[PDB]
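Participant: Return atomic coordinates for the entry below.
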Amino acid sequence: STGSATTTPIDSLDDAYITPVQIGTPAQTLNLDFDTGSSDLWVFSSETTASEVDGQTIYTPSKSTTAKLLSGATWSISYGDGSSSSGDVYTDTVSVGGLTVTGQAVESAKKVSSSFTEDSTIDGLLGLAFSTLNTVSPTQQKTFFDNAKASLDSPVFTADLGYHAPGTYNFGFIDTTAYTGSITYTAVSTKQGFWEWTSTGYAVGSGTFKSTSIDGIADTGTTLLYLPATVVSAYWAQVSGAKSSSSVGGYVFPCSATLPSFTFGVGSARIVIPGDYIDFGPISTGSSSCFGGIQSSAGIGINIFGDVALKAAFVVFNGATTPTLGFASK
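Facilitator: Numbering: from 1, shown residues only. Please see the structure below:
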């Protein structure tokens, strides 16, 4: 089997991407944030505290003839941006782009933090990291990809995120028309539960390539590119007027600037992030200070190849017995 679904930016900055997901019988369609940095499929629901729902579409398990309460199971998750959610668990039928999994754990939110309430465009998350990170207790549950894998034509999914435009998540096949050149594959460590890999270096603009190992995760659920402070300082030094602002919480730059590109290494291959991809617009409405798309990871504990990097590539998440990541230009 295969599946194919369009993913759409939630706003003009590509702050996140939503993908329609069918849950239950008859289908209830929710727009979920596909997140290769976490491993829970959770949704706004009929159980979510009413004051914490503000425009989202909700899953109502009592209206699904295939929903079953997973007795005694709860979940609770906190994300790197400080947001959180928690609740109980159903199993139900879940379909993505024509690909159907029966018995998928659908984690129903009883509580969500304010940043989720405040984003009316995201109805939940669909995690695509390794199932060892799944938060369901006392019986950990499998991701949608893990449940589907055995049925897929090939044990892979691919992320093709658009810049200011829709893109595609495919399951079970590699669309050879969606990228240029060849796909370069690179080793993955699953030891932290993430799609963790080592980039071979970077360049700023037309600068020379610096060979240096950068361990990080491929994370579709993170907007920006988080890299070591040395690297980030080298990038923003090429932008007149750019500075790290403690009050804003990162590097800002004059909105009148033209940003240089940023290249990262995948083995001997190179992925080029155009400068425009690194502009996240005014820090506040009407400001001439703009927020940078490349930020320091020093306060995280891990480097994060978020959407800013991944949208410049066609990315293969290869879930073979020994997982690997593949990157192509497009």
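Participant: going forward, measure contacts and count neighbours with C-alpha atoms only.
Facilitator: Noted.
Participant: in the protein, which spans are helices?
Facilitator: Under the criterion DSSP state H, helices of the chain are mapped to 114-117, 144-148, 229-236, 307-310.
Participant: and residue 61, which of the ones you listed is closest to it?
Facilitator: helix 144-148 (18.0 Å; CA to CA).
Participant: ok, back up a step: using TSV, lay out the helices of the chain together with mean neighbour count.
Facilitator: Listed next are the helices of the chain as TSV, based on neighbours: other CA atoms under 10 Å:
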stretch	mean neighbour count
helix 114-117	16
helix 144-148	21
helix 229-236	17
helix 307-310	26
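Participant: Which one of those helices lies nearest to residue 194?
Facilitator: Using CA to CA, those put helix 144-148 closest to residue 194, at 13.7 Å.
Participant: Packing partners of that closest one?
Facilitator: Helices and strands touching helix 144-148, as assessed by 3 or more CA pairs under 8 Å, 6 or more residues apart in numbering; DSSP states H and E, comprise strand 99-112.
Participant: Okay, buried residues for the strand it packs on please.
Facilitator: For strand 99-112, a neighbour-count test (16 or more other CA atoms under 10 Å) marks 99-101, 103-112 as buried.
Participant: quick one: residue 157 and residue 301, what's the gap?
Facilitator: Note on residue 157: its distance to residue 301, by CA to CA, to the nearest Å, is 27 Å.
Participant: got it, and residue 123?
Facilitator: From residue 123 over to residue 301 the distance is 28 Å, taken as CA to CA.
Participant: Same question for residue 57.
Facilitator: Applying CA to CA, the value for residue 57 to residue 301 is 34 Å.
Participant: who has more neighbours, these two?
Facilitator: The neighbour comparison of residue 57 against residue 301 (other CA atoms under 10 Å) goes to residue 57, with 20 against 9.
Participant: circling back to that earlier point, generate CSV for the helices of the chain, with distance to residue 324 as supplementary columns.
Facilitator: Below are the helices of the chain laid out as CSV (distance: least, CA to CA, whole Å):
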stretch, distance to residue 324
helix 114-117, 32
helix 144-148, 15
helix 229-236, 25
helix 307-310, 15
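Participant: Excluding sequence neighbours, find me the nearest residue to residue 9.
Facilitator: In this structure, residue 9 finds its nearest non-sequential neighbour in residue 17, 4.3 Å apart by CA to CA, 6 or more residues apart in numbering.
Participant: Alright, I will stop here.
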